[PDB]
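All chains are named by letter (A, B, ...) in the order of the sequence lines, taking the proteins before the strands, and each is independently numbered beginning at 1. Order of listing sets the numbers, starting from 1, for every ligand and every atom in it. Because only heavy atoms are used, hydrogens play no part in the values below, and waters and symmetry mates are left out as well, while side chains stay in.
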Amino acid sequence: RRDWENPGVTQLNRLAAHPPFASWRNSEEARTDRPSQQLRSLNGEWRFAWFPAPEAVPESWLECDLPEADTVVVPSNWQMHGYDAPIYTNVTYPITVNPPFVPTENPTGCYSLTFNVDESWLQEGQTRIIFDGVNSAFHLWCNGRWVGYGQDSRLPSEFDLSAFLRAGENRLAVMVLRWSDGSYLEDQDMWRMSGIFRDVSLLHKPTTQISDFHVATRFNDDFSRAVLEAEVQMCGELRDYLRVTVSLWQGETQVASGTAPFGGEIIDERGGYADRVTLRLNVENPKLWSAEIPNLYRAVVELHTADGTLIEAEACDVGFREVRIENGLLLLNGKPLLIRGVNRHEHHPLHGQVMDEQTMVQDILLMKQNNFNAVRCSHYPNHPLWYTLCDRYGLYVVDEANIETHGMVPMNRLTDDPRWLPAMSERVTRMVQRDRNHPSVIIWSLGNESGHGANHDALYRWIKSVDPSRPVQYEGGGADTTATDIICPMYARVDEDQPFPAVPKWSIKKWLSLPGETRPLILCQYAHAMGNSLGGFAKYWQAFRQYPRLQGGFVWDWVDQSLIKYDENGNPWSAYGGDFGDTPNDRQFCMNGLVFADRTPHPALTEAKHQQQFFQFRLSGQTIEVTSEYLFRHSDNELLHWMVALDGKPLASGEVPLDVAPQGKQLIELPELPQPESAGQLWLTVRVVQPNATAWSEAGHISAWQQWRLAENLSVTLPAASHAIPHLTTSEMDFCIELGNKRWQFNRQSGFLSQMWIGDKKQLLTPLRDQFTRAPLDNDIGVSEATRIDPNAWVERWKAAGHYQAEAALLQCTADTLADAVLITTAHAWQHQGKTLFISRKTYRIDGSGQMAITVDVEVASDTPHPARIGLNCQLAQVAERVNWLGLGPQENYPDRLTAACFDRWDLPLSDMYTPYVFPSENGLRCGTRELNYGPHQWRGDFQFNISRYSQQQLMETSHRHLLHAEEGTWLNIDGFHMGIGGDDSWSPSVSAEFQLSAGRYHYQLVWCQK
Amino acid sequence: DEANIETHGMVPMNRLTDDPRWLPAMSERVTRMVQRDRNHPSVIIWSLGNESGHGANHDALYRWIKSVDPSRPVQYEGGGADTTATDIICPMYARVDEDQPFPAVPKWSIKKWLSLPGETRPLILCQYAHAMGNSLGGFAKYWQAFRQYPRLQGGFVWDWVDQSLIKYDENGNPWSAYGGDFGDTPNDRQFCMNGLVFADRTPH
Amino acid sequence: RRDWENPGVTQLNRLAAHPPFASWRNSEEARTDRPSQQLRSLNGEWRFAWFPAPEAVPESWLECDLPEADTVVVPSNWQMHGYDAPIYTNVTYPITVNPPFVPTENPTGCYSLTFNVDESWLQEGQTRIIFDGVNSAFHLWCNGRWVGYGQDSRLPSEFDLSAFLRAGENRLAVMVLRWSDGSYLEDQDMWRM
Ligand SMILES: O=[N+]([O-])c1ccccc1O[C@@H]1O[C@H](CO)[C@H](O)[C@H](O)[C@H]1O
Ligand SMILES: O=[N+]([O-])c1ccccc1O[C@@H]1O[C@H](CO)[C@H](O)[C@H](O)[C@H]1O
Ligand SMILES: O=[N+]([O-])c1ccccc1O[C@@H]1O[C@H](CO)[C@H](O)[C@H](O)[C@H]1O
Ligand SMILES: [Mg+2]
Ligand SMILES: [Mg+2]
Ligand SMILES: [Mg+2]
Ligand SMILES: [Mg+2]
Ligand SMILES: [Mg+2]
Ligand SMILES: [Mg+2]
Ligand SMILES: [Mg+2]
Ligand SMILES: [Mg+2]
Ligand code: NA
Ligand code: NA
Ligand code: NA
Ligand code: NA
Ligand code: NA
Ligand code: NA
């Protein structure tokens, strides 16, 4: 049969889909969500054997274990056990595109399990097996007899084993095909793996059972009254003595209960459903569910007899909330949402695509701690526990069908073809059937990157028809097609249009107002967090706040899809595309997360946290106005802390309880802040602290912050008469300056400061030179590759211009002695293929105090690409333990990504000054720095800097962080100016004009002195 | 042009048409018809089938056609003749002036149907005036209505030709047979003859 | 298999649907809607045998004409030739309602034809068979090898026979099932044939 090369066969003998069941036989257990004796896990140790194709599978395997098999844990992806390599390809399918056929060499995983079954399960009722996730298709045999087949790697497949099992020991055999016609619908940008990767279980249900149930909650105009309506269907023999009771509980309190015999209302000329019943329960003043306060009730559905004997019970958590689009706005409980979302793939660096509760809870907690209120299931239905957790912790979810055909040409080749309508419809319909009772799901999505075809239009209407309670979205075909209730583009910029033909990506602000357009706009993916990125994140947030119809978005994405590999000494390291011998591959494009694979945050997460704050502040005089962005709760677990500091030196602070209604404001008068006897800048910092711990945060959690510069007192105080005067020694090749136990040497042919001594100790490993380049970020590189250069990428514009090859030419080097100091003057030109790219003019003035004042004036040819930076650099001979600076921090910050950083005095171990991006590049800059301390040196001025054991050269020559090695000494990069990092996307230049170094002439000055 | 989908005998009538497991099967009956007949200018309206209730499968298919071929309206009478799966109010046997208010799927007088609150579509009976035996009494009352009301745009008489079959007697003489005459049972007897013309084309 | 008791399988190896084709190799003929040499009719006399269920059909029939078969005209409805009774039921299904199953006694018509194919059709190009109407479902074999399956009694089912024919005489074998899961969607008020 070759059922795995026929989109017309997506399954054989598979049971209908339905919401999570457990068949409790005790109502209270159902109410409490406790473990059910009728639902057994078959997870654990299985037998497994790998074959290169299904044809190679021995027939004996159906009857008995293969001696060559191994014993492995299930769920798992077999690539993670080393049986074959996982492949990282983004768009291009991992197999030849020739639908619906798959390669003849098709890795086949033969899993088997010998286990026991009690007669009690067989003597009555139905015993089914449930495979929550099998990638990508499989055949199932039980005791050597063929049971059935299933496709869709992301939804459960269940089969009735009642007639196949026997009391005692039984054997399951499952042949899993890596590739199948299902693969053409699974072209998501993620590792391509396979296997039994989600749970396997056995479920026992009575012959007469609850086969489906749907819960709806409708409200009156102000949400002070609701009706809970639960439709219940049965399978089995109808009998008049049968009943269904549906009860609603708020904790231990029973809120409502209704009982009815089967028999629905008349539907049409042939009657109604004799096998269904709908119970309707009124609820006054329901506690409403939202991500702010995830109030939940428990619905218990009991199937029983008139005399009271329970047959079985099913149940679910219920959240009272209405989701609707009106007048162009997405409302939840009648208030317009502001989605602070993120797309999250199911990824574990060691377990591959196998999810576990601990990881899930770790993700959720980090999300809520960082002010996210929503998640999109990019790009398939998730493991079932995820929805339970979103329901209870409180996150709005976009549940998305496992349909992605990105690699087709054109993208809608299959989605517009009716012969693929059935397979696609199963991917949508079965998801809705399984997840429609979860209150956390607020929007359905038809899949991802599959163009726009008529099949999407058919399925969009199917959903709208079956479940009017939730909007339907879909980005394919241009983001605003007839298959979406929400304009949901990916990577559309804030102000800049990208008018691609047929599927233009307009500026979001302009998109909203195109002729005839009225829908809300929520980006399905925005701000690509690959490497050092998130530049321009604030721009989105300012627009979402200013424009009602701009309702937010899902950042791309939560966690890097890096996998762990082990070196020669068995040490682990983070790998990406190509690292398993997979080819073609898309290299580092699999790492786009706000957190690394092991959940440590990237610095960008803090920028997200800050922009997504729920409290806004303005300052006026001594007055602070706090405005709450919560729609439903009062700030009842919040206090405001404030502190006033001069140049990092705290002068005063205090705290004020916050009591602001949702959407309201609170004024807070700060007490008279005394004046200050000292030059410097006074800064006010406020933080919102949650005094009490919550289900997702600890006591003392800071949820928001903001700063303002208050007065500044410029220094007008004259240094003081130098104790001594520096001496200049001139030789043919050098200018030397001596002062006390310090000496500076300037080489007359190079024109740079080549050496500095403190006593007899040399302080430099390489001379102090201008630097106009940076080891390229992922955003600077984009898609450019040696085999296919993208001449438009920043890195290629820089290379081509000669930025990385340009050599300094001396134009001038002079020394003069002044009354109290020595002045060195230098000028250099940087040229390439005879063009002058940059000209740097400087003065060094060394005085009686031993301070060295450096002034730098640079010219940049208007016709060369704007440079990555304009600074100086050097390799210091010293290695010191800490770094202390008065500037923005404490974490890495760049020009277009520094809103979350605060101006203060920070002190960190040197290694915290380096960001271990998997793919190395320029990293760890801190901007807005007035003073920097390292070892006995001190630099003062107004600059940006980074300091670490790695040279730019090394970072730009190294592709994996595990291969970097500390160089002798410390590399110090001190910049007058640094280009933004961008990140709107990572494949097209995205650094905003206001963040490019295009002024033509730049000036900066620093004072180097000994401390 | 009408898809080969009729599940009249189910209880309730949309049992299959509302079941996603039957969407595939239904879908091919509709998509394969459009793919075959879309270039004929005589086809001016597509129909989703007949007496199959109103199920979500119908809504999905209605949309698919609207999407693939916007040139022709889509109609479908199931579920009450004015559901969200039809561009045309297309009842079967609705009377001219007399309402028949059956529960869930009332059959209003056609004059009154047009003007129900919120209604604005054209009304063309998918089936009207049952030509079984000596019949067509009251035919003129429809025509008078069709002519006076712009939005009453006519209808399709039920039906063209009797489905009687020829049998031969003892003497070899042919005779017109109906339900049960072949030993078929259960059967619906003469309900198979409702045409304006006899099976041999002779007019009634 | 029992593909006829599974709404998940409405066809196997069937080609996509499309408007009426004739593959004219002369433009003026296509202009005038004249007959095309590339579109041939298989209508006329075929061999036919009736069985009470698919389980009763002999394997011999795939490769060899059944001597007891009769010669009858195609197209036709087998009730009209007297092999079984046509049934007139309006609403009530003619079979017990238990989708997607059908009765185990399921009248099966085994039709077959030996016909010629010129080498010219085989040296190049594609040769497909087109059944404009088969009620209600069927399996098709060509020269004893299985080709495919189809449902929906009112639309054409087409199969590529390019790899199955040979120049000269060829034999088709079509096993037509009276009832199938397709029957649940064919409850029109008319004779059931
Ligand atoms: O879709 N593409 O053909 C394509 C080509 C070059 C770069 C990105 C790109 O598509 C983009 O890839 C990113 C990578 O993280 C995401 O997968 C995103 O969904 C996709 O649109
Ligand atoms: O898809 N990618 O992630 C990716 C990374 C680096 C280079 C090319 C690449 O994908 C490639 O991008 C080009 C656009 O430049 C095309 O869209 C191509 O089909 C895609 O495979
Ligand atoms: O559909 N019915 O249940 C039903 C019951 C009794 C009488 C007619 C009837 O249905 C009507 O029957 C006529 C008979 O020629 C047509 O088939 C019409 O389409 C159907 O609605
Ligand atoms: Mg298949
Ligand atoms: Mg993609
Ligand atoms: Mg590559
Ligand atoms: Mg700020
Ligand atoms: Mg009768
Ligand atoms: Mg079938
Ligand atoms: Mg021969
Ligand atoms: Mg009927
Ligand atoms: Na907004
Ligand atoms: Na990616
Ligand atoms: Na408070
Ligand atoms: Na690098
Ligand atoms: Na009229
Ligand atoms: Na009739």
- How about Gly552(A): does one of its N, O or S atoms come closer than 3.0 Å to the Na ion (ligand 12)? no

- Please calculate the O(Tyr547(A))-the Na ion (ligand 12)-O(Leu550(A)) angle and round it to 10 degrees. 90°

- Message: I want to check something: taking the side chain as every heavy atom from C-beta on, are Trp705(A) and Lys609(A) in contact at a cut-off of under 4.5 Å?
- Response: yes

- Candidates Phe580(A), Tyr576(A), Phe589(A) - the one meeting ring pair (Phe, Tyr, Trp, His ring centres under 6.0 Å) with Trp191(A): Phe580(A)

- Message: Among the N, O or S atoms of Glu449(A), which one sits nearest to the Mg ion (ligand 5)?
- Response: OE1

- Contact flag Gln551(A)/the Na ion (ligand 12), N/O/S atoms, threshold under 3.0 Å: no

- Query: Within the stated cut-off of 2.8 Å, is an N/O/S atom of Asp187(A) closer than that to the Mg ion (ligand 5)?
  - Reply: no

- Query: Salt bridge between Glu517(A) and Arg519(A), side-chain N to carboxylate O under 4.0 Å?
  - Reply: yes

- Item | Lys565(A) with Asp579(A): basic N within carboxylate O range, under 4.0 Å | no

- Query: Does any N or O in the side chain of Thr583(A) come within less than 3.5 Å of the main-chain N or O of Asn585(A), such that one atom is a donor and the other an acceptor?
  - Reply: no

- Message: If I take every N, O or S atom of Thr89(A), is at least one of them less than 2.8 Å from the Mg ion (ligand 6)?
- Response: no

- Indicate yes or no: does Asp984(A) engage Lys539(A) in a salt bridge with an N to O separation below 4.0 Å. no

- Give a yes/no answer: is there an N/O/S atom of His406(A) under 2.8 Å from the Mg ion (ligand 5)? yes

- Can you tell me if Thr899(A) and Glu607(A) form a side-chain donor-acceptor pair at under 3.5 Å? yes

- Please determine if the Na ion (ligand 12) has an N/O/S atom from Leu338(A) lying under 3.0 Å away. no

- Message: With a cut-off of 2.8 Å, does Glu404(A) put an N/O/S atom close enough to the Mg ion (ligand 5)?
- Response: yes

